[PDB]
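Asks: I am attaching a structure below and will ask some questions about it afterwards.
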Amino acid sequence: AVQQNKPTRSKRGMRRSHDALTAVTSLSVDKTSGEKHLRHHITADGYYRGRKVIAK
Amino acid sequence: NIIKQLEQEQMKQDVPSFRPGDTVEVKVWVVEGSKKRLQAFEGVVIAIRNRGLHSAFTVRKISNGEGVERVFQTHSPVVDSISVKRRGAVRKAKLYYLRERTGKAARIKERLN
Amino acid sequence: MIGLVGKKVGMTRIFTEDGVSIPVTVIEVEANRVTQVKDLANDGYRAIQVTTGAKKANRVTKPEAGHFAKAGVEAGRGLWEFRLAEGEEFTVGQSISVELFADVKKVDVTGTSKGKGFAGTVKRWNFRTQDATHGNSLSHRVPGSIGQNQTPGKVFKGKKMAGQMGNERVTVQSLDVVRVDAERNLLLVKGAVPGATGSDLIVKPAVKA
Amino acid sequence: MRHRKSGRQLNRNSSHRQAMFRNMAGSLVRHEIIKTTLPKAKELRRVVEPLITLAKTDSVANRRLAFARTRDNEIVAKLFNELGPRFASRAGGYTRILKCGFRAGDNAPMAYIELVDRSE
Amino acid sequence: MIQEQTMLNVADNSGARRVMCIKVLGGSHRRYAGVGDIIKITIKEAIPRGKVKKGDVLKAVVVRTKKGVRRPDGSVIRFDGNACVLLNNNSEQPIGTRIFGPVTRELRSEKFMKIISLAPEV
RNA sequence: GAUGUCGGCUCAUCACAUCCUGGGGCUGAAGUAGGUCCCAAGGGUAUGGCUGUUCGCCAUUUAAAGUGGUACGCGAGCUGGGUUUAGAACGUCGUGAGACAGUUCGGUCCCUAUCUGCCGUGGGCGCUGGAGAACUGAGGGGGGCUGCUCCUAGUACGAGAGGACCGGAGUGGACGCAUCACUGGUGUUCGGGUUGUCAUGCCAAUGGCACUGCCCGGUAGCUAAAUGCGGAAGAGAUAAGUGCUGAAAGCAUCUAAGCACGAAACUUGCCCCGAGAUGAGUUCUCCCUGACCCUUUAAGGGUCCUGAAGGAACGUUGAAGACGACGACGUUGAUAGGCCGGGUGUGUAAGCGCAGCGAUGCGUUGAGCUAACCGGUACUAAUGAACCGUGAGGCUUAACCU
RNA sequence: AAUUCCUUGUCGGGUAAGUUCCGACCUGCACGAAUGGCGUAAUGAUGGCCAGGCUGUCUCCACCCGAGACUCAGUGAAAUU
RNA sequence: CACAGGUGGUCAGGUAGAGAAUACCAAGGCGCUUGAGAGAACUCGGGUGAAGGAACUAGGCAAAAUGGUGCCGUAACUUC
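Residue numbers (PDB author numbering), protein chains in the order written: chain 0, 1 to 56; chain P, 2 to 114; chain D, 1 to 209; chain N, 1 to 120; chain K, 1 to 122.
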C-alpha cells in the first residue's frame with residue numbers, strides 16, 4: 001500500500017487538529033509553602049498535606 | 002449474601018462426611034413414570050467437589066468387566082442414603098489415576114483409624 | 001400491565017420434588033415508585049416513569065433532586081419508562097410491589113450484556129478458522145475475502161468483521177418465572193439472563209404466546 | 001479479557017516478576033523508603049503488607065516461612081523484632097505511596113513509598 | 001460423543017467385536033450422536049463363525065458414551081469404552097441375542113425396549 | 001516491461017429459467033405418492049474414497065444436497081495441489097543442436113493502508129440563555145429453516161394391501177443471542193509429588209535454574225462439548241387461483257360498476273440502533289434578576305464586580321475499555337489496596353517425642369498455605385482547593401392578560 | 001510401464017466407497033537386448049500406496065505464558081506522488 | 001553499520017553423565033545504548049485441552065509419538 005497522489009498541506013494540517021496538546025490550569029496551591037505542584041503529588045521540596053514527606 | 006439466603010434453607014442436614022477413596026454406597030430414587038423404587042450403586046469415590054449447594058462427588062464402579070463413573074449431588078432429592086463400609090487411605094483429593102491402572106493392581110489401603 | 005426493574009445478584013439451581021434441577025436466575029427488585037405519569041393531552045402517549053434503589057445525596061445534583069421532590073419520591077439509582085396496556089392507570093408517587101407477577105408465568109428480561117471489548121472475526125461472527133499448516137502464512141483467524149472484484153468496486157454495508165461486542169441492550173424472550181418472594185423482594189426466573197452480577201435488569205411480560 | 005482479574009504483567013514473565021518483586025520488597029524493608037513507579041509500588045503493597053502481617057506473629061515456623069520469601073536471613077532478622085511491635089497494633093495499611101512527578105529519562109510516573117511512621 | 005470415523009466396540013453377541021461408526025443419522029448436517037441414536041456402521045473385524053462378516057454395513061444403536069449422559073438433575077454417566085448393538089438395515093431389530101455391559105435408562109425414553117429387556121444390569 | 005494463471009480454504013452478494021418448504025389449475029388426480037403448468041427468492045440447500053481436478057462414478061443421510069452472474073467472485077485475504085523459467089529421464093521426430101496442445105520427479109507467491117468502501121469508538125460545532133435527565137419515533141439494521149411421533153384416525157378413501165385434508169400437542173438437527181447453575185477445558189499469580197545441580201556455614205527445611213525442569217490436582221474469570229430462549233401467532237393490502245351479482249351482447253360471462261377469500265411473497269406485528277431526522281423533535285427539573293464609559297448608534301464595543309446550576313481536571317477503580325469514551329466513589333467513604341471471619345482449592349506444614357541400624361511411619365493434625373471469590377473493617381491511598389461555564393436570553397405576526 | 005491418445009484398457013486384492021498402488025492378459029500409436037534387456041540382498045534427507053500407536057491437521061476451536069501490535073517520553077525512514 | 005553472518009591455533013575444573021553432548025556451578029566475563037504504562041483485534045515462539053483419532057490436506061506438510069541400559073527373543077530374502 002502506497003499513495004497515488006500527493007496530499008496537500010491542507011490535509012496535513014487538517015489531520016493535526018486533534019494532535020494539539022492539553023494544558024493544565026489548576027495544578028494545586030500548597031497550604032504551607034504556597035507553591036504550585038501536581039494534584040495528589042508532593043512539591044519540589046517534598047511537601048504534601050502541609051507536613052514534610054521526604055526529609056531530604 | 003442474597004444467594005446464600007436461598008442456599009441455606011435448601012441444605013440437607015443429614016449429609017455424611019466421607020474421605021476420598023472410600024467405598025461408598027449411593028441409594029438413588031429412580032422413577033418409571035408410575036412407581037418410585039430405590040436403586041443401589043456400589044463403588045469407590047474418586048473426586049469430591051464440595052462447593053455450596055453444588056457439592057458433588059464422583060464414584061467409580063467396575064461392573065461386568067467395564068468401568069463406569071457416575072456423579073451425584075449431595076443436596077439433590079434424587080439420592081436417599083449414603084453409607085461407607087471401607088475407608089480408603091490415599092493422600093490425594095482426586096483419584097483420577099484409577100482409570101488407567103487395572104482394578105486388580107489398584108487395591109486401595111485402609112486408613113487404620 | 002407493566003413489568004419491574006431490578007438488579008441481578010447471581011443465579012442458582014432449584015431442586016424440584018421429583019429431583020429435577022431447575023437452574024434459575026436470582027434478581028432482587030426494589031419497591032419502585034412512580035415519578036411521572038404521561039397522557040395523550042400533554043405528551044401524546046401514555047407512559048409512567050419509575051425509579052429504583054437509592055442514590056447518595058452528594059452525588060445527586062439539583063435537577064434530578066427537584067424532579068424527585070416534585071413527585072415526592074426520594075433519590076433513585078436510575079429512571080425508566082414503561083408503556084401501559086390501554087386501560088391500566090397509575091398515579092404519581094405510589095409504590096410498585098412484586099406480587100403482581102403471580103400469574104404472568106412468562107417474562108421477558110432485557111439488560112446490558114457483558115462487554116467483550118474489541119473481539120475478532122472468529123469470536124464475533126463465529127467464522128471458520130483457516131488451516132494452521134499446509135503452508136499457511138500469517139493468516140489463521142483473518143476474515144479473508146471481504147468482497148468481489150472490481151465489478152462491484154466497493155464493500156457493502158453490514159459486512160461481517162471485527163468489532164466491539166457487549167455493553168449493549170440484549171433481549172431474551174419467553175423466560176419462565178418459577179417463584180416470587182414479596183417479603184424478601186426476590187424473583188426466580190428459569191434460564192440465563194444477559195449481563196453481569198450487579199447490573200441493572202429490566203423485566204417485562206412476555207409479548208409472544 | 002480481564003473480567004474480575006488481578007495481577008499486573010509489568011512486561012515480564014512470572015519468574016522475573018517474582019524475582020524483582022522479591023528484590024524490591026527486600027530493599028524496601030531494609031531502607032523503609034523507595035522511589036519507583038506507581039504500578040510497581042501498588043503491586044509491592046500486595047506482597048509487603050501480607051509479609052508484615054505474617055511477621056506480626058513470631059515463631060520458628062513463621063520465621064522459616066518468612067525466610068522462604070526475600071531469600072535473606074538479615075531481612076528476616078530485622079523482621080519479627082523491629083517492624084513487629086511497631087505494627088502490632090496496626091491492622092493493615094502499613095505502606096503509603098506519595099507521587100513525586102515523572103522521570104526525565106523516560107517520563108515514567110514516579111512515587112515514593114514508605115512505612116507508616118518509620119521511627120524518624 | 002460419537003461421530004463419523006469413530007472406533008467403536010460391541011455390546012452384543014452377534015459375532016462382531018469392533019465396528020466403525022462412519023455415518024450418523026437423524027437429519028442434515030448431523031454432527032454427533034448421543035446415547036440413543038441410529039447410526040451407520042461398518043464391520044472392521046468379527047468372529048468368522050459369527051452372524052456377521054467383514055465389510056458389512058448396517059445400522060447400530062449406541063449403548064454407552066465416553067463423554068457421558070446428561071441426567072435432568074445434573075448427573076453424568078461416564079463409561080470406559082464405547083459400544084453399539086448391531087441392527088438390521090431394513091428393520092430396527094437387534095441382531096445379537098444377549099447384551100454384555102451396562103445400559104443407560106435413556107434407551108427406554110425413545111422406545112428401545114429390546115435392549116433394555118435382555119440386559120442384566122440397569 | 002512482469003509474479004496474477006486453474007483448483008482448494010474463509011468470506012459472501014444478486015437474478016429466478018424454483019431443489020425443498022408455501023398457494024393453486026389440469027390430469028390417463030380412489031388415497032399416500034406421482035406428471036405438467038402458474039405465482040412466489042423469506043429461509044435452507046451434505047459427508048467421505050478416487051483424481052489437482054471444476055465436472056464426474058461410488059457409499060450413506062436429508063427437504064433438497066438448484067441453475068447462473070459477480071476479471072469462468074474473492075491470491076496488497078490464505079494455499080502452489082495442475083501447467084510452468086533454469087535440472088534430468090521415458091516414447092516419438094529430426095544426422096544433429098533441440099522439439100513434442102505425449103508422460104514422470106523436483107523446483108522463491110513481496111508490500112508498514114494515502115484516498116474511496118466497510119466495521120467500532122471518539123473530539124469540535126449546531127439545534128438560538130445555559131445545564132442535568134427521561135422518551136415519542138422519520139429512517140435503518142438483525143431473524144423469518146424445518147424432520148419425526150401422537151391425537152384426530154386405522155377416520156375419509158380403499159375389495160383388501162395401502163392409507164387421508166384441516167387442526168392441535170410434544171420431541172429432534174442446523175443457526176443466532178445469553179449465561180457459567182451443572183459437566184468439563186484452560187487457569188505458567190494456589191497447593192502438593194519428584195530428578196539433577198547450585199546456594200542459604202553445616203543436619204533438617206527452603207530458594208534459583210533445567211520448556212511452568214517433569215507431573216498431579218485446582219480459586220476466580222473466560223470458554224463449549226454444558227443449559228435457557230427465538231425463528232411466531234395475528235392484522236392490513238395482494239400474485240396465481242377460487243368467487244357473488246352483473247350489462248355491454250334480451251343468453252352467457254370473476255369485470256365493464258360494486259362486494260367477498262386468497263402464499264414462507266410486501267408493510268406491521270419479534271429484537272436492536274436511532275432527533276446531525278439541519279424537517280436538528282417531546283416532556284420534567286435546576287440556575288443566572290449589578291454598575292459605568294465610549295463609537296460610525298446597532299443582534300455595537302469597552303471597564304469593575306459577580307463565577308450560579310452544571311461541566312471540566314486529578315486520585316481510587318470496574319464483570320467498561322486499544323486510546324478515547326462509559327459506570328461507581330473521593331472523608332458527609334466501603335472506590336481500590338491491606339486485615340478479620342467465612343468459603344474453595346491443594347493436602348496430614350515446620351518442630352517435638354516414639355518405633356525402626358537405616359529408608360520410613362506414627363500422636364501432635366484433615367494440619368499448614370491459599371491468587372482473582374463472599375460478608376465486614378478508614379489501617380493506607382482518594383487533600384483545603386482552583387479552572388471553564390454567567391448577570392434574564394433577538395426581530396415580526398396571531399390569541400389573551402392591563 | 002518414468003514408455004498407452006483411445007484408458008479410470010479387462011479381472012481380483014486392499015476400502016462401506018480406490019482416475020492412486022499391487023497381482024494376472026497383451027489390442028507394444030510409439031519396450032527391447034552395452035545410446036544395454038530381466039532379476040537382484042543391502043543401501044537412498046528418492047516417487048507412490050497401505051497398516052499399527054500418536055496427536056487441535058480437522059470436526060471446533062477455547063484458555064493461558066512472553067515478544068510486537070495500543071498510549072506516553074525521546075530519536076526518527078521508505079517505496080509513490 | 002557499535003550488523004542475530006563468517007574467521008585459524010592453544011589452555012579444557014566440579015557435580016551427574018560412556019562422552020569436548022546435555023543441566024547447574026568454580027575463576028573469569030556480561031544482562032546484549034531506547035524506557036515506562038494497559039494486557040484489544042491480529043501476528044510470531046510456546047504450554048494444555050473433554051469426544052473421535054488423519055475423517056483436514058495433493059500429500060501424516062507441520063505437529064504429535066518413541067527414544068537408554070541389562071536380559072529374553074527376533075521374519076521373508078540373500079552375494080551368507
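Even for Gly, the Cβ is constructed at its ideal location relative to N, Cα and C.
At 8 Å on the CB atoms, spell out the chain P contacts of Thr61 (chain D), in chain order.
Replies: As a first step, residue 61 (chain D) is located in the third sequence; it is residue number 61 there, counting from the start. What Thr61 (chain D) touches in chain P: nothing, since even the nearest Cβ is about 30 Å away.
Asks: Can you tell me whether DSSP reads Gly66 (chain D) as helix, strand or coil?
Replies: Here residue 66 (chain D) corresponds to residue number 66 of the third sequence, with the count starting at 1. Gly66 (chain D): helix per DSSP, three-state reduction.
Asks: Can you tell me which of the three DSSP states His41 (chain 0) falls into?
Replies: Start at 1 with the first residue of the first sequence, and residue 41 (chain 0) comes out as number 41. DSSP places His41 (chain 0) in strand when its eight states are reduced to three.
Asks: On the three-pair Cβ rule with 8 Å, is the segment 94–102 of chain D touching the segment 172–184 of chain D?
Replies: Taking 8 Å as the limit for Cβ pairs, the verdict is that the segment 172–184 of chain D does touch the segment 94–102 of chain D.
Asks: Quick check: the Cα distance between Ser117 (chain K) and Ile83 (chain P), rounded to an integer number of angstroms?
Replies: Along the fifth sequence, one-based indexing puts residue 117 (chain K) at 117. Along the second sequence, one-based indexing puts residue 83 (chain P) at 82. So the two alpha carbons sit approximately 29 Å from each other.
Asks: Which same chain residues, not among the five before or five after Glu43 (chain P), have their C-beta less than 8 Å away from its C-beta?
Replies: Taking the first residue of the second sequence as position 1, residue 43 (chain P) is located at position 42. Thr24, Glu26, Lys62, listed in sequence order.
Asks: Just checking my contact of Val48 (chain N) with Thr95 (chain N) at CB under 8 Å: how many whole Å lie between their CB atoms?
Replies: Reading the fourth sequence from its first residue, position 48 is the one you call residue 48 (chain N). Reading the fourth sequence from its first residue, position 95 is the one you call residue 95 (chain N). Confirmed, Cβ separation roughly 6 Å.
Asks: Whole angstroms are fine: how far does the CA of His76 (chain P) sit from the CA of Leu99 (chain P)?
Replies: Against the second sequence, residue 99 (chain P) aligns to sequence position 98. Against the second sequence, residue 76 (chain P) aligns to sequence position 75. Using only the alpha carbons, I get a separation of about 26 Å.
Asks: Pick from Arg33 (chain D), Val142 (chain D), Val170 (chain D): whose alpha carbon is nearest that of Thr91 (chain D)?
Replies: Indexing the third sequence from 1 puts residue 91 (chain D) at position 91. Among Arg33 (chain D), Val142 (chain D), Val170 (chain D), the Cα nearest to that of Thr91 (chain D) is on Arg33 (chain D).
Asks: State yes or no: is the beta carbon of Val32 (chain P) nearer than 8 Å to at least one beta carbon in chain D?
Replies: Walking along the second sequence from the start, residue 32 (chain P) turns up at place 31. True, the Cβ-Cβ gap to chain D drops below 8 Å.
Asks: Checking 8 Å against the spacing of the C-beta atoms, do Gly81 (chain K) and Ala46 (chain K) come in under that value?
Replies: As a first step, residue 81 (chain K) must be located in the fifth sequence, where it is residue number 81. As a first step, residue 46 (chain K) must be located in the fifth sequence, where it is residue number 46. No, the Cβ-Cβ distance between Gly81 (chain K) and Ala46 (chain K) is not below 8 Å.
Asks: Could you tell me which uninterrupted beta strand (DSSP E) segments, each at least 3 residues in length, are contained entirely in the segment 69–103 of chain P, listed from first to last along the chain?
Replies: 80–85, all fully within the segment 69–103 of chain P.
Asks: Look at the alpha carbon of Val142 (chain D) and the alpha carbon of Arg128 (chain D), and state the distance between them as a whole number of angstroms.
Replies: The residue you call residue 142 (chain D) lines up with position 142 of the third sequence. The residue you call residue 128 (chain D) lines up with position 128 of the third sequence. Cα-Cα distance, rounded: 10 Å.
Asks: Sort out for me which residues DSSP pairs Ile2 (chain K) with in a bridge.
Replies: The count along the fifth sequence starts at 1 and reaches residue 2 (chain K) at position 2. Answer by DSSP bridge pairing, in chain order: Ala33 (chain K).
Asks: Grouping DSSP H, G and I as helix and E and B as strand, with all else coil, what is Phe21 (chain N)?
Replies: As a first step, residue 21 (chain N) must be located in the fourth sequence, where it is residue number 21. Looking at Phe21 (chain N) - three-state DSSP - the assignment turns out to be helix.
Asks: By the 10 Å Cβ neighbour count, where 16 or more other Cβ atoms means buried, how is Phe156 (chain D) classified, buried or exposed?
Replies: Locating residue 156 (chain D) in the third sequence gives position 156, where the first residue counts as 1. Label assigned to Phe156 (chain D): exposed.
Asks: What residues from chain P crowd round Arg13 (chain D), counting only those whose CB sits closer than 8 Å?
Replies: For this step, residue 13 (chain D) is matched to residue 13 along the third sequence. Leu54, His55, listed in chain order.
Asks: In chain order, what residues of the same chain have a beta carbon less than 8 Å from the beta carbon of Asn89 (chain K), not counting five sequence neighbours either side?
Replies: Here residue 89 (chain K) corresponds to residue number 89 of the fifth sequence, with the count starting at 1. Only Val57, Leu58, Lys59 meet the Cβ criterion.
Asks: Should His37 (chain 0) be labelled buried (16 or more other beta-carbon atoms within 10 Å of its own) or exposed?
Replies: Counting from one through the first sequence, the residue named residue 37 (chain 0) turns up at place 37. Burial call: buried.
Asks: Does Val20 (chain D) come within less than 8 Å of chain K when only Cβ atoms are used?
Replies: Residue numbering aside, residue 20 (chain D) sits at position 20 when the third sequence is read from its first letter. Judged by the 8 Å Cβ criterion, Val20 (chain D) is in contact with chain K.
Asks: Our contact map puts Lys51 (chain K) next to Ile95 (chain K) with C-beta atoms below 8 Å; I'd like the distance itself, whole angstroms only.
Replies: Within the fifth sequence, residue 51 (chain K) is the residue found at index 51, counting from 1. Within the fifth sequence, residue 95 (chain K) is the residue found at index 95, counting from 1. About 6 Å; that satisfies the 8 Å criterion.
Asks: Is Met1 (chain D) helix, strand or coil by DSSP?
Replies: On the third sequence, residue 1 (chain D) is found 1 positions in, with the first residue counted as 1. Looking at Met1 (chain D) - three-state DSSP - the assignment turns out to be coil, as it is neither helix nor strand.
Asks: Kindly provide the ranges of any beta strand (DSSP E) runs that are 3 or more residues long and lie completely inside the segment 14–75 of chain P, ordered along the chain.
Replies: Listed in chain order, the complete beta strand (DSSP E) runs (minimum 3 residues) inside the segment 14–75 of chain P are 24–32, 37–50, 57–64, 67–74.
Asks: Quick one: does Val24 (chain 0) have its CB under 8 Å from some CB of chain N?
Replies: Residue 24 (chain 0) sits at position 24 when you count from the first residue of the first sequence. Judged by the 8 Å Cβ criterion, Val24 (chain 0) is not in contact with chain N.
Asks: Can you confirm whether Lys123 (chain D), when its beta carbon is compared against all beta carbons of chain N, has any partner nearer than 8 Å?
Replies: Sequence index remark: in the third sequence, residue 123 (chain D) carries index 123 (1-based). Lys123 (chain D) does not count as touching chain N.
Asks: Who are the Cβ neighbours of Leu54 (chain N) in its own chain at under 8 Å, not counting the five residues just before and after it?
Replies: Start at 1 with the first residue of the fourth sequence, and residue 54 (chain N) comes out as number 54. Hits under 8 Å: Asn62, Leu65, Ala66.
Asks: Under a Cβ-count criterion, where at least 16 other Cβ atoms within 10 Å of its own Cβ denotes burial, should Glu88 (chain D) be classed as buried or exposed?
Replies: For the purposes of this step, residue 88 (chain D) is identified with residue 88 of the third sequence, where counting begins at 1. Per the 10 Å Cβ criterion, exposed.
Asks: Residues of chain P with CB under 9 Å from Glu30 (chain D), in chain order?
Replies: Working through the third sequence from its first residue, we reach residue 30 (chain D) at position 30. Those do not exist, as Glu30 (chain D) stays about 12 Å from chain P at its closest Cβ, beyond 9 Å.
Asks: Leaving out the 5 sequence neighbours to the left and right, which residues in its chain are closer than 8 Å to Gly111 (chain D) when beta-carbon positions are compared?
Replies: Numbered from its first residue, the third sequence carries residue 111 (chain D) at position 111. Around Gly111 (chain D): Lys8, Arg169, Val170, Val193, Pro194, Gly195, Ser199, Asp200, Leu201, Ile202.
Asks: Would you mind telling me which residues of chain 0 sit closer than 7 Å to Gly101 (chain N), beta carbon to beta carbon, in chain order?
Replies: Within the fourth sequence, the letter at position 101 stands for residue 101 (chain N). The contacting residues are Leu38, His41.
Asks: Would you please verify whether the beta carbon of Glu110 (chain K) is less than 8 Å from any beta carbon of chain P?
Replies: In the fifth sequence, residue 110 (chain K) corresponds to position 110, counting from 1. False, the Cβ-Cβ gap to chain P never drops below 8 Å.
Asks: Let me check understanding here. Comparing Cα to Cα, which of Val109 (chain D), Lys160 (chain D), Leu187 (chain D) lies closest to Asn126 (chain D)?
Replies: Taking the third sequence and counting its residues from 1, the one referred to as residue 126 (chain D) is at position 126. Answer by Cα proximity: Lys160 (chain D).
Asks: Just confirm the distance between the C-beta atoms of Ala41 (chain N) and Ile97 (chain N), as a whole number of angstroms; I'd bet it's less than 8 Å.
Replies: Your numbering for residue 41 (chain N) matches position 41 in the fourth sequence. Your numbering for residue 97 (chain N) matches position 97 in the fourth sequence. Confirmed, Cβ separation roughly 5 Å.
Asks: Which residues does DSSP pair with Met161 (chain D) in a beta bridge?
Replies: Along the third sequence, read from residue 1 onward, the residue named residue 161 (chain D) stands at position 161. According to DSSP, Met161 (chain D) bridges with nothing at all.
Asks: Restricting to runs no shorter than 4 residues, where is the alpha helix (DSSP H) found entirely within the segment 88–113 of chain D?
Replies: You should have found no qualifying run.
Asks: Work out the CA separation of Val73 (chain D) and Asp43 (chain D) for me, nearest whole Å.
Replies: Looking up residue 43 (chain D) in the third sequence gives position 43. Looking up residue 73 (chain D) in the third sequence gives position 73. Using only the alpha carbons, I get a separation of about 22 Å.
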